[PDB]
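Survey of secondary and tertiary structure
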Amino acid sequence: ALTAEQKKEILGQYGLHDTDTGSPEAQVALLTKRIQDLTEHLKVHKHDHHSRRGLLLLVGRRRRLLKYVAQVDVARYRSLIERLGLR
Amino acid sequence: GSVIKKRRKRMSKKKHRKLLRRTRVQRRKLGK
Amino acid sequence: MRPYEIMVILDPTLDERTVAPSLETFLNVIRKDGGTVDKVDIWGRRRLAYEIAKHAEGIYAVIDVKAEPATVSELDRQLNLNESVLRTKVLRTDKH
Amino acid sequence: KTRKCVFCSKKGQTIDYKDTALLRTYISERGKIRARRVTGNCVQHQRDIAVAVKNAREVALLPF
Amino acid sequence: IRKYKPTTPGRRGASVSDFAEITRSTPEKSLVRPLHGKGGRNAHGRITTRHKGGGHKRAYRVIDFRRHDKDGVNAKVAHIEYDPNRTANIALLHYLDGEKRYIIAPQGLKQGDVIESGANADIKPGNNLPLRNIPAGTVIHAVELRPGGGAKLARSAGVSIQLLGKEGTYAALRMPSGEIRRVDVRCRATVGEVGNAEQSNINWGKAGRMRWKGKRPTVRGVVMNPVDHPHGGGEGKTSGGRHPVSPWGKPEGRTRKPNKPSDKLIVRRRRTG
Amino acid sequence: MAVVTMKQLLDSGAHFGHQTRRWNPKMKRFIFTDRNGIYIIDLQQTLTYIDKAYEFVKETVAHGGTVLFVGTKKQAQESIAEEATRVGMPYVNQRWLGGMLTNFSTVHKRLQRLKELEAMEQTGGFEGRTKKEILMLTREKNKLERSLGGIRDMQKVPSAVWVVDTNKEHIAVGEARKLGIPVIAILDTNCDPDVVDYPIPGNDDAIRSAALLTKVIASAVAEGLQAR
Amino acid sequence: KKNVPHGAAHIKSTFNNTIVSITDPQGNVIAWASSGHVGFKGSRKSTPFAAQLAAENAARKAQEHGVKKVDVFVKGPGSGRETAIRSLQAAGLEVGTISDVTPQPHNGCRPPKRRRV
RNA sequence: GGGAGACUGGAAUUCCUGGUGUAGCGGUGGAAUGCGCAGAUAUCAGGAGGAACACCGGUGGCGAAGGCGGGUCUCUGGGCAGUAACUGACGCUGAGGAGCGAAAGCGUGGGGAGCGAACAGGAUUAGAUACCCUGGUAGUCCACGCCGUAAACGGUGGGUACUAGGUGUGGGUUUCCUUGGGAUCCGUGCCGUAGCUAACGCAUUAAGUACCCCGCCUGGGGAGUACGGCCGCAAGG
Ligand SMILES: [Mg+2]
Ligand SMILES: [Mg+2]
Ligand SMILES: [Mg+2]
Ligand SMILES: [Mg+2]
Ligand SMILES: [Mg+2]
Ligand SMILES: [Mg+2]
Ligand SMILES: [Mg+2]
Ligand SMILES: [Mg+2]
Ligand SMILES: [Mg+2]
């Protein structure tokens, strides 16, 4: 899991406003950070074969959130994409 | 359910595998 | 840091007077790298339940340290390489 | 004895592998581990016991 | 290991050492010494060891196997180079004193790490330590055949020796050949396993590769004439006409050192299979 | 594990036998030697099976099963009545009814019929009905009580069955092993030992031993109840 | 020869035969007996009478050496243990304590599957 | 006992060494191969290697399904409840495709204790290439990849709304006593309403009331076989 302080500061950074959680951008940022943190552990324990399922689930959730964000608005989607360096 | 129908397919597959084992050499060297 | 407990079973041929200084020599690394509280309990001449490296009795010691995984692993490695000590055990006092 | 539990009921206790005195009342005569029903303990504290007695046997605090 | 594509007939299924863990490409000109091939000919000039011929000239790359001195003086590794005379890579150490030396570079020895010889050194791959201070049940390599006589055991790649329970003035070592041998405890050893373990599975592919190393062809004695090899030629493919025998009439037997030698240290000979 | 020893069993007189003209050839394993023409049963084979049955009941309690009681005697009506209500187990005292374990679709109707009567008793209807309808219920009680004494509270289709006096109740133990459910019982020197899944050496004509056996068999369920 | 006031008799009993061996507290065996040595062969080696006679012969051989106090240890399951103990105590020997010593492999080595007969 | 990685220990099988010790040991429904007399089996002490972790330990826990049992540590997936402050339809299925996928088998690198395909012998049988016993190479194990087939059975697809209860269990929360009991929310057994079901049976964890989506079945053999193609070193799918 992610540390409380790290999650709090990530939310404060990528939040639409103060005391904001679960928003589209916040969720996308949290998922991106989780994947970036899990890739390092996978590079070592490539023979896990179980954490890869959670990785794929988180990636699918991130893709669905990005699809919803793009359907809602395109400017926000492209800004988040260029800010997080994805695709 | 019953075992008659299962053993029928079992014997069929066994005969097929026996034929394949017998004919393996006919394509072993012809494959390589 | 994280809290941890360290149980140690030393050789019965030693003396409690040299047990504590020996443990302090090893905890030198913790106090110079982690700088944590030190609570070392010692009780010697305790008979074991079965033979342990050609010995019937020994000296038990319990230490508590709020240090890092690398530090506790280094301490365990040093204790396993040392000959004056016989057995070591590292536990996590936390709920997990 | 034979109540709900001594750990789950009394609300105050601690399962310590170094507590050979407390683990002697739970290990069988020969040295094995007694059943859960004879002790009357919740699953959590039963597993805690099991692991504590295993650690004791590993550190040679019991006759296995 | 890097496998060559089936481009040419010589690279059908050939492979080569990945050469990983190597930093530099040239040796130290201050330590390199000269040496010329001998082609298997002794001082008399006659071909003694057959299959020894023209090979690429090599350097010596003096390697210290005693390590008796510089006990408390620490030392760090500088580079990892290749050595033809050895079937493994070597490491260049920058001793705190100032001089440089070479070591077999055991496995798991990265760059930058520090090593320390002597008796009070910590048990870790890369440092030399006496058997008296090395606990039993560990893994060592290249200790010696005699105190201060020079490391002469388990120097190949991915090879090592297991030190069993020592007793008195003798410790037991299980050579990689499965042979258990006793050796006095005053010997200086080296913790860790030899590096380059990935080698020994390198398909040379063509005969030219093996010839470059100074390995001439090996003619079987069956096709030879009766005056050359006991396995006379005969009319047609002959299995030998007799039991297997060396070209000098020595049969495939024990062929061990002379009976009753100074081998009282051996406790258990190896196993054939 | 263990809960009793052979010292407490020797005082109960559990090493007696019967005449040599009413035995079976396949009961010569428990005998040791003939002395004055009386049979004797070994003692080392008792504690083992006792602990085995104890642990089996301890496990079946957690699994969702309990032990039952069966009998046909008409002299020990008091021994099987006091200890029963302590744990709340089934038992038969006077009349061994037919079709109580193998047949379950018939006893449930009589159970509800008796529950209706025991619930209506709280009203006290005696005048609304004729004298004959009330007089019939008096004899109906004596007719229905001598067969079912503890089958009202089971309501759990237990997974463990215990039988006693197999020599006379062979049909009970015979139908117990029908569905393969674990069966336990005590055997005699004039019966079949292979019919019980887990035999327990013990005499059938010893009240002092039968009481202790029933007590130790019923305490196993309480052991798990007080813990659950 | 030698004298041994206190000793221990190990009885290894299996589905084929029973071997009873008396030994000093150190471990130097002195006497031993077996059903096969008594004269029985084949399946007759598994009967309780054979084990009893072997235990009696062992007790006699021990008395020949002058051993009176003898503890008893038994191996895993097998018929003849109680009969051998009875014969030992009846032949003029102290039964002492009975400490069962049976190897308890906790899933160490996979044994055969099952005997079909 | 969710997964990967590192360290660590007891019992027990086998071998070897230093003692004791005999003429039998092993083994079957009864016997013989074999192992001993060239010191067997057996007992005391020590050393070596490979695997698994009795008792806790089960209709009890986890995982989407395989599947997951000794102890310590690093990383990490997934699940339930309260607080409901956070966006407000982003909910569900999924043709092809991708991943995982028990056990066995395959290439390479090591080891190999027990068991053990094949293979040698022993015994029964008119005939035993098997059922029984003695040895046993692959395999079983660790490290890097293939193989994708199982009764991979709950022979029950995935999500949600609804349809008497009793009896158990595990999970974290509040009310009533003051340890005792009820309700609330999820997984996992049994008996039973209506209902469904050819019957067996399901029955709040549906096989019932109805909605959304994919795959499959339209008589048994031929044949899950033939040709072509797909991937695979091969077997094979
Ligand atoms: Mg010649
Ligand atoms: Mg010819
Ligand atoms: Mg698909
Ligand atoms: Mg496999
Ligand atoms: Mg066999
Ligand atoms: Mg299929
Ligand atoms: Mg049902
Ligand atoms: Mg084709
Ligand atoms: Mg096909």
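How each quantity is defined
- Residues numbered from 1 in each chain as written, not as in the entry; some residues may be left out.
- Chains lettered and ligands numbered in written order.
- Part of a larger assembly, values for the part shown.
- Heavy atoms only, no water.
- Disulfide = S-S within 2.5 Å.
- Helix = DSSP H or I, 4+ residues; strand = E, 2+ residues; numbered from the N terminus.
- Buried < 20%, exposed > 50% of the residue type's maximum accessible area, 1.4 Å probe, protein only.
- Polar contact = N/O pair within 3.5 Å; in protein donor to acceptor, adjacent residues only side chain to side chain.
- Contact = heavy atoms within 4.5 Å.
- Near = heavy atom within 4 Å.
- Buried area = accessible area lost by both parts, 1.4 Å probe.
- Salt bridge = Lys/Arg side-chain N within 4 Å of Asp/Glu carboxyl O.
- Nonpolar A, V, L, I, M, F, W, Y, C, P; charged D, E, K, R; others polar.
- Pairing = 2+ DSSP bridges.
- Axes fitted to C-alpha atoms, helices over the stretch in contact; angles between N-to-C directions.

A closer look at the state of the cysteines
Residues and elements named next belong to chain D.
- Taken as a whole, this structure holds one disulfide over all chains when the rule is applied.
- Note that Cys8 is cross-linked by a disulfide to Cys42, the S-S spacing being 2.0 Å. Here the disulfide of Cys8 and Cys42 is right-handed, its torsion about the S-S bond being about 100 degrees. Here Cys8 is found in the segment before α1 (20-24), whereas its partner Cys42 is found in the loop between α2 (36-39) and α3 (43-58), with 34 residues between them in sequence.
- Here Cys5 stays unpaired: no disulfide links it, and the sulfur of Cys42, its closest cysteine neighbor, is 4.3 Å away.
- Classification of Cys5 as buried rests on a relative accessible area of 3%.

Notes on the side chain of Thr39(D)
Residue and element names in this part refer to chain D.
- With respect to the secondary-structure elements, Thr39 resides in helix α2.
- Residue classification places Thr39 among the buried positions, given a relative accessible area of 14%.
- In terms of polar contacts, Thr39 uses its side chain to reach the backbone carbonyl oxygen of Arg36, at 2.9 Å.
- When residues no more than four places from it in sequence are discounted, the contact partners of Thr39 are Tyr26, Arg34 and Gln46.

Some thoughts on the protein's contact with RNA strand H
- Close to RNA strand H lie 93 residues; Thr21(A), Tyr4(C), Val90(C), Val29(G) and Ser43(G) are nearest.
- At the protein interface, 77% of the atoms of RNA strand H within 4 Å belong to sugar or phosphate.
- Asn28(G) places a side-chain nitrogen or oxygen 3.4 Å from a sugar or linking oxygen of RNA strand H.
- A distance of 3.0 Å separates a base nitrogen of RNA strand H from a polar atom in the side chain of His106(G).
- By residue number, the principal contributor to the surface near RNA strand H is α3(D), which donates 10 residues.

Examining the environment of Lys152(E)
All names here are of chain E.
- Position of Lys152 relative to the elements: it lies in the loop between β8 (139-140) and β9 (161-163).
- It is 8.4 Å that separates the C-alpha atoms of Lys152 and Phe65, two residues lying 87 residues apart in sequence.
- Those residues in contact with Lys152, other than ones at most four positions away along the chain, are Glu144 and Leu145.

Concerning the interface of chain D and chain F
- Taken together, the nine residues of chain D in the interface contact eight residues of chain F.
- Of the roughly 800 Å² buried at the junction of chain D and chain F (both faces included), carbon and sulfur atoms supply 66%.
- Between chain D and chain F we count zero salt bridges in total.
- At the boundary of chain D with chain F, the tally comes to zero residue pairs in polar contact.

A look at the interface of chain D and chain C
- The interface is formed by 11 residues belonging to chain D together with 12 residues belonging to chain C.
- Contact between chain D and chain C buries roughly 940 Å² in total, counting both sides, with carbon and sulfur atoms accounting for 64%.
- Contact with chain C buries surface across chain D, with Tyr17(D), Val59(D) and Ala60(D) losing the most and accounting together for 47% of the total.
- Counting across the interface, chain D meets chain C through one salt bridge.
- At the junction of chain D with chain C, the criterion picks out five residue pairs in polar contact.
- Partitioning the side of chain D that touches chain C into residue classes produces seven nonpolar, one polar and three charged.

Digging into the sheet that holds strand β4 (residues 69-74) of chain G
Residues and elements named next belong to chain G.
- Spatial strand order, β3-β2-β1-β4: four strands in an open sheet with mixed pairing. Bordering the open sheet on either side are β3 (29-34) and β4, each of which pairs with just one other strand. For this sheet, the mean inter-axis angle between neighbouring strands, taken without regard to orientation, is 20 degrees.
- Strand direction decides the pairing type here: strand β1 (residues 6-13) and β4, joined by six bridges, are parallel. Each residue of the ladder has a partner; that of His10, found in β4, is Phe73.
- Its contacts with the sheet place helix α2 (residues 48-65) against β2 (18-23) and β3, and it is angled at close to 155 degrees to β3.

Focus: the sheet that holds strand β4 (residues 90-95) of chain E
All names here are of chain E.
- Taken in spatial order, the four strands line up as β5-β4-β3-β6 in an open sheet, and their pairing is antiparallel. Pairing within the sheet leaves two strands with one partner each, and these edge strands are β5 (100-103) and β6 (114-116). On average, adjacent strands in this sheet sit at an angle of 40 degrees to one another, irrespective of strand direction.
- In terms of strand pairing, strand β3 (residues 74-81) meets β6 through three bridges, oriented antiparallel. Residue pairing for β6: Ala75 is matched across the bridge by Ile115.

Topic: the pattern of salt bridges
- Applying the stated criterion across every chain, the model contains 26 salt bridges over all chains.
- Ionic pairing is found between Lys70(E) and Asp97(E), a salt bridge with its closest N-O pair at 3.2 Å. Of this pair, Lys70(E) sits in the loop between β2 (15-16) and β3 while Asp97(E) sits in the loop between β4 and β5, and the two are 27 residues apart along the sequence.
- Taking relative accessible area as the criterion, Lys70(E) reaches 17% and is therefore assigned buried.
- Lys73(F) is the salt-bridge partner of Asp165(F), the closest N and O atoms lying 3.1 Å from each other. In this pair, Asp165(F) is assigned in the loop between β1 (161-163) and α7 (170-176) and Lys73(F) in the loop between α2 (44-63) and α3 (79-82), connecting sequence segments 92 residues apart.
- Judged by its relative accessible area of 11%, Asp165(F) is buried.
- With a relative accessible area of 37%, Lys73(F) lands in the partly exposed category.
- Shared partners join several salt bridges into a network, and the residues in it are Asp64(E), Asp69(E), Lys70(E), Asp97(E), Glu99(E) and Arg101(E).

Function cannot be inferred from these measures alone, as they are strictly geometric.
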